[PDB]
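Throughout, a chain's letter reflects where its sequence line sits, starting with A, and its residues are numbered from 1. Only this structure's heavy atoms are used, side chains among them; waters, hydrogens and symmetry mates stay out. Just follow the structure's listing: the first ligand is 1, and inside any ligand the first atom is 1.
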Amino acid sequence: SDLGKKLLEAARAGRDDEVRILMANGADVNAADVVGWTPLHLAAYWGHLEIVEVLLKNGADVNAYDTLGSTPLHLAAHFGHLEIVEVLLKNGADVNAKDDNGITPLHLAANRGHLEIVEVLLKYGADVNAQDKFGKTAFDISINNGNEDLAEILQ
Amino acid sequence: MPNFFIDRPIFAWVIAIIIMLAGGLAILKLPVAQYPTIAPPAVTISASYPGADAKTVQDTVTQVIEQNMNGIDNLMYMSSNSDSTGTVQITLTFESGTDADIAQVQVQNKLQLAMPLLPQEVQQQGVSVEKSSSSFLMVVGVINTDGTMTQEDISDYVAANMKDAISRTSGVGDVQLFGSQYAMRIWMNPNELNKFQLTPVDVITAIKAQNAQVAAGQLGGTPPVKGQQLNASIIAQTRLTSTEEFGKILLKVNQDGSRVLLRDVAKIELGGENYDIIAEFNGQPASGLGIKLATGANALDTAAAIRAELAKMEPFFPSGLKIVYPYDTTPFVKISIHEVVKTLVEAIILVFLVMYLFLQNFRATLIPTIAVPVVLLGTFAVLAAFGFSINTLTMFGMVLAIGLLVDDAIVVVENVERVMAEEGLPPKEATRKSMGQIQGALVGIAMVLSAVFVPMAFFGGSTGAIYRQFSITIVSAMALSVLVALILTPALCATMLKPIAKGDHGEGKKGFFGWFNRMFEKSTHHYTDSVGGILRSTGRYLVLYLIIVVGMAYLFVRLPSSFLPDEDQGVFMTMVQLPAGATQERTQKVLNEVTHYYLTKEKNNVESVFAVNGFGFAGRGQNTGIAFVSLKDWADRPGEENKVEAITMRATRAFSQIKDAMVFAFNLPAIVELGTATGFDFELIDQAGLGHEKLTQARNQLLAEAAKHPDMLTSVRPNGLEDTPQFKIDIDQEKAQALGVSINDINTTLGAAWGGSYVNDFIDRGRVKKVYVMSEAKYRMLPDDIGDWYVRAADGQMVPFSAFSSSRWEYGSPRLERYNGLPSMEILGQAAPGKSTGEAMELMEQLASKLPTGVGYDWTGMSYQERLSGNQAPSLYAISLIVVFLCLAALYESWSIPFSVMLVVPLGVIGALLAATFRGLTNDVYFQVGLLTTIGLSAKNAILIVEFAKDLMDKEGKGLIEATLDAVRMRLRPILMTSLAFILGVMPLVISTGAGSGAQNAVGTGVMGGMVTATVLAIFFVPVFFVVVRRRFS
Amino acid sequence: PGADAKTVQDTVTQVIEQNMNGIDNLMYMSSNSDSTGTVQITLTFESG
Amino acid sequence: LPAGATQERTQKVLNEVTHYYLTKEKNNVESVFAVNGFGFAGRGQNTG
Ligand SMILES: CCCCCCCCCCCCO[C@@H]1O[C@H](CO)[C@@H](O[C@H]2O[C@H](CO)[C@@H](O)[C@H](O)[C@H]2O)[C@H](O)[C@H]1O
Ligand SMILES: CCCCCCCCCCCCO[C@@H]1O[C@H](CO)[C@@H](O[C@H]2O[C@H](CO)[C@@H](O)[C@H](O)[C@H]2O)[C@H](O)[C@H]1O
Ligand SMILES: CCCCCCCCCCCCO[C@@H]1O[C@H](CO)[C@@H](O[C@H]2O[C@H](CO)[C@@H](O)[C@H](O)[C@H]2O)[C@H](O)[C@H]1O
Ligand SMILES: CCCCCCCCCC(=O)OC[C@H](CO)OC(=O)CCCCCCCCC
Ligand SMILES: CCCCCCCCCC[N+](C)(C)[O-]
Ligand SMILES: CCCCCCCCCCCC
Ligand SMILES: CCCCCCCCCCCC
Ligand SMILES: CCCCCCCCCC
Ligand SMILES: CCCCCCCC
Ligand SMILES: CCCCCC
Ligand SMILES: CCCCCC
Ligand SMILES: CCCCCC
């Protein structure tokens, strides 16, 4: 789609006003680039909260996955976008989604030490014993990283 | 001095002869080039890191080198880019006047001492340090027409059999190969490697062992056993030389005894060193040579020598190989010289005709015909002495000086003719009296013109270098003109002119000349009558003068300013930019469409399209390309419709339809050594370790704000590349250690297969060339291919990459920029219509002051150049105005009479501005220098009117009005003679529409219009100036 | 070290000589490559 | 000396050269400084 590509670009660039116009004209909210990222992926990666909300109001797939199994919740949790994590979960994001590596949003939040996001994820039922392809849990990550605060939250 | 040489005509001839011989010698020795060196000296450091991403390059190469660029003299600034093709370029730009050799050796020496700090792979590739220059003399293309050779085949042939002989050709300063010589390519197969429990590590180890030079020693070497009868070198292992030998490299001997050879796990071929560029010439595989002219060389002789050498090579070319010349400046340069020599000859003919029309004897017509060539020849001698070249700028400088030179000849001879006709004196006595009337003014004129033009040589930077070419050329010609007017032409007048009877003004002649003389004598009385009436009512004309001044200023402010006019140089470019992540094959499809358009819809104008996939000035990569369009000769492209600007406009609109690609055509700048030099060049700087993402955010903030001022800023855009998706793979150290797999085997296996690895060198038909291992294409295309690569653990088991790695998509930069050692982002833009670049720069600085903490900025390139040149202009104008006034004050022994001359300035300028505006030209360098020569010649006209009038008042006691009327009466004929000759002489430049007509138009239009109004207005306004000024100051 | 004259001419002397172009005032260039691995390239420049 | 010749053979020739200057030209030659293994063609054993 022509407008699908302009929406991918506007969602990445945080151009709220342009996304508004594009939603009116019916730009494909399920458009995806060569790596499988939707506008929701891009808005979650770059932290554009308002655009994440507009996209979800316009029928975007909250649990879309890229060619390696990663969802917008993975990206928002990994890069510390707390408000986006909450919005995604309120709109049905899979809190225990596993990418091709077995890595969950909790793994990624723990790895970067995003304590608030870890608690939001756990509040929404994140599986604290989930293991990735190497057998590691969010707790293993906190011990290896030496994050004592995080290790106490993961009991 | 005139009286000295009037009595010594042989001495005067001797001086003329010496001048002509020096000039003849200079014409033979003088370098010839399209343009001289203009840009400040720049040195570029270039390095390659095969398989490296932009951040790896930046953080292991670029930062290290930058941190060592200390203790170098005369550095203005430093800039760099590190990109995802594994390349870094660092450019150090030095003050104008810096010795470029010293700058480069100082850079090279600091680099040498940083080499131990760089990665081994980069030390192996090496790091080149070169003087930067965008000026090519020509580009020789090499193509294969019978489809028997790839571009790699062609590049190797050029490297092995052409490049060196071209580099040795007379006048060639540098030769750059568009491609590489062959490399031995080992294309690995992961399935076969795993079948035999081998990895790229084993391949590399075997190649290094079995393709090597091994030192041995000597038989009977010293110290020997006495009685030894023979001494001979021992030759041991030497480098391999063929694909056959590489395939037989032994990798493993199996238990059953069977042998695993390199050809059992890899395809082996001679290929290119890299595959990022695909070059096509009208759809056919191509390579080529970019040739630069050597310092002091003759561009015309060098091009001829290059062609002669290529002819000698022709009998040895393989079948299908053809030479093409998609870019060659020397045809243009040859036309320029021809056109300029034409202008000077025609100018001398026109003076001959005007001299005969008015003076009606051939003996007088011969005196300028001698004097003007002598002056021009002497000017070449001075040019040589100053170390200048014959180039576009110096040549047009002499054209712009023609009026001044022609005028010195007309003025000297015409005045003697008048004196003879008005007093009946013999030629010798007449020349003595005539020179006594004008010699002081000629000297004052020389000083005044020097005050006008010399300060123009003291602008700094690139614009100053351009202005200096015109300044030295014009001042030199003007200075020789006055010397010749004081030495030679008086001697020629006294010895060559025939007497004229007192009162004889030719009115008694018959036929055309008798009628002409009566007509002109009557017209002179009509002229002096009009000036009488003008002088009876001066206040009205002072009002009209202020009107002219206001109209000048108004027309000046509205006249768009540029540097040098675009030219139909027979070539232009087409940018092809596809979305991020677009692959090479996709770019190739677009380039094919582009090539197909020019060869179909523009087949009567286009000779060739040189399509280069993978190269882009804004950044390299698979998603970018250029199409260099070479046109047929101007003689086959008649009319504006078939010129670059029209072709370009048509192409750009035609390509607007292309989907998922930005494709547009544009003309080249006049001076390719410089960029467009239009707009501004801004650097956003990370001053506090903010990092790439925060800098991008700050950039976007600035770009968005700039977009809110379309009235002031236009096309404010980043010059670099946007972040793109990249494949992040994490190796799990614990899992690697648990399985007994070393990290070095993992990273070598990954890098060698997917990025490629330069192993060592081999010798191909007597030439040393590189050996590269890399995965065959089909095993390194997609993430699923990662898991097909196995690494052998310590216990012998083969372990797939999937077992000890994980991956995810992320964004990163394909091109990281730095400025003076700090992260940066370059931003280009231009002032909106009607606004000055200075005003646009002011706003940019205001917007930049509101960016987040830690973000700074700087001006670079043209913008750095414009700020410094602008800071000098006020003081250079002041010095010119002050010195002009002082010279006139000394000439006239008066603090006030100078004003009557200096008031002439607007009279020429108004007509130059009118002609430029009407014709739709710009306030460019040729227009500006022409304004100075028009002002100069009008000031000369006024100087002689005022001189005559003042001398009549001082010596003959005549009244103010009486002397003014007698002065303008006497000066009418010579003023009209020069103006008629000079205006007709520049006419061909105005109407020219051929090659180089952009510069010819810019020289002629302003000069012709300025000469028209300067002539018409000055003969009426100068008497007003003198009368009004004398009345005010008694 | 250890390289013969032909090897050192192909891997050193010719590589250097190929880059000795476009030097100002160069009159001629002479070189030898010998069996000790030694290379000497001498560039002679115009008077002055 | 020819290809392959040794330092010892070169010394025999240098002895004959030195001998000539020290006997036949002893009225004209003050000194001879002769070097085996160094000459206009290199440092081979067959040069002096
Ligand atoms: C007007 C009075 C004064 C007389 C002198 C005015 C003109 C003097 C400057 C003219 C330029 C001299 O420059 C000279 O140009 C000629 C003609 O293009 C070139 O002559 C030749 O150059 C090459 C070599 O074959 C070819 O392009 C061609 O055969 C020809 O152009 C010389 O190589 C160059 O040195
Ligand atoms: C808007 C662009 C204008 C560009 C052109 C301007 C320059 C052209 C100058 C033309 C000069 C000739 O114009 C000249 O004008 C003056 C008035 O000033 C006339 O002079 C007339 O008026 C004056 C004053 O009232 C009387 O003293 C005089 O006896 C009478 O003849 C001249 O007879 C005429 O010859
Ligand atoms: C014989 C006739 C010909 C003779 C005329 C040739 C004279 C040569 C002129 C030399 C020019 C000197 O060059 C000029 O030097 C002055 C000295 O303050 C500098 O000075 C300038 O600096 C800055 C500019 O913002 C100001 O603070 C200062 O007021 C201004 O003068 C100029 O930037 C430089 O352009
Ligand atoms: C109305 C004013 C006209 C100015 C036109 C100047 C265009 C050339 C600009 C340029 O290149 O600058 C060079 C140089 C700077 O010193 O220019 C000048 O010096 C221009 C001033 C010279 C004229 C004053 C003398 C009066 C005549 C007898
Ligand atoms: C530096 C001053 C330049 C002005 C030149 C003045 C020359 C006037 C000479 C007058 N004269 C001696 C001939 O009577
Ligand atoms: C007859 C010689 C006239 C040359 C004028 C020289 C002007 C000096 C400029 C200095 C270069 C920056
Ligand atoms: C360019 C600077 C010139 C300043 C000198 C003015 C001359 C004074 C006029 C009155 C003198 C009688
Ligand atoms: C090359 C110029 C020759 C000049 C001839 C001299 C004419 C006679 C002067 C008295
Ligand atoms: C710098 C010019 C000075 C001239 C002034 C003279 C006025 C009497
Ligand atoms: C009056 C002396 C002039 C001589 C110049 C060469
Ligand atoms: C005519 C004198 C030239 C001035 C050069 C500085
Ligand atoms: C240019 C200033 C002088 C004018 C006299 C009225």
With sequence neighbours excluded, tell me which residues meet side-chain hydrogen bond (donor to acceptor under 3.5 Å, both in side chains) with B:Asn517. B:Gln360

Qualifying residues under side-chain hydrogen bond (donor to acceptor under 3.5 Å, both in side chains), relative to B:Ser869, sequence neighbours excluded: none

B:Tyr527 ring centre to B:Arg969 NZ or CZ under 6.0 Å, with the angle to the axis within 45°? no

Quiz item: cation-pi between B:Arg468 and B:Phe470, 6.0 Å / 45°: no

Under 3.5 Å, is there a donor on one side chain and an acceptor on the other for B:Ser481 and B:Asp408? yes

For ligand 2, find each of its N or O atoms that sits under 3.5 Å from a protein N or O atom, and tabulate the pairs with distances to one decimal place.
{"unit_1": "ligand 2", "atom_1": "15 (O)", "unit_2": "B:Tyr541", "atom_2": "OH", "d": "3.1"}
{"unit_1": "ligand 2", "atom_1": "18 (O)", "unit_2": "B:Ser537", "atom_2": "OG", "d": "3.4"}
{"unit_1": "ligand 2", "atom_1": "18 (O)", "unit_2": "B:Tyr541", "atom_2": "OH", "d": "2.9"}
{"unit_1": "ligand 2", "atom_1": "25 (O)", "unit_2": "B:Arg540", "atom_2": "NH2", "d": "3.3"}
{"unit_1": "ligand 2", "atom_1": "29 (O)", "unit_2": "B:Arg536", "atom_2": "NH1", "d": "2.7"}
{"unit_1": "ligand 2", "atom_1": "35 (O)", "unit_2": "B:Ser530", "atom_2": "OG", "d": "2.9"}

Tell me whether B:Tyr554 at atom OH has more than 12 heavy atoms from other residues, nucleotides or ligands lying less than 6.0 Å away. no

Near B:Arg8 CZ, under 6.0 Å, is it more than 12 heavy atoms from other residues, nucleotides or ligands? yes

Please list, by chain and number, the protein residues whose heavy atoms come under 4.0 Å of ligand 4. B:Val452, B:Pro455, B:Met456, B:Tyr467, B:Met552, B:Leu876, B:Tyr877, B:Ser880, B:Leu881, B:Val884, B:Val905, B:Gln928, B:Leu932, B:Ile935, B:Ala939

Determine, using ring centers only, whether B:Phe899 and B:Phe1025 are less than 6.0 Å apart. no

Identify which of B:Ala457, B:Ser476, B:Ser450, B:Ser481 has a heavy atom lying nearest to atom 1 (C) of ligand 11. B:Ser450

If you look at every heavy atom in B:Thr379 and B:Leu480, which pair is closest and at what distance? N-CD1, 3.3 Å

Side chain to side chain donor-acceptor pair (under 3.5 Å) between B:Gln928 and B:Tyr467: does it pass, once the steps are laid out? CA-CA 10 Å; B:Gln928 298 179 51; B:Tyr467 286 134; 3.0 Å; yes

Could you check atom 6 (C) of ligand 11 against the protein and tell me its nearest heavy-atom contact, residue, atom and distance included? B:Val454 CG2, 4.3 Å

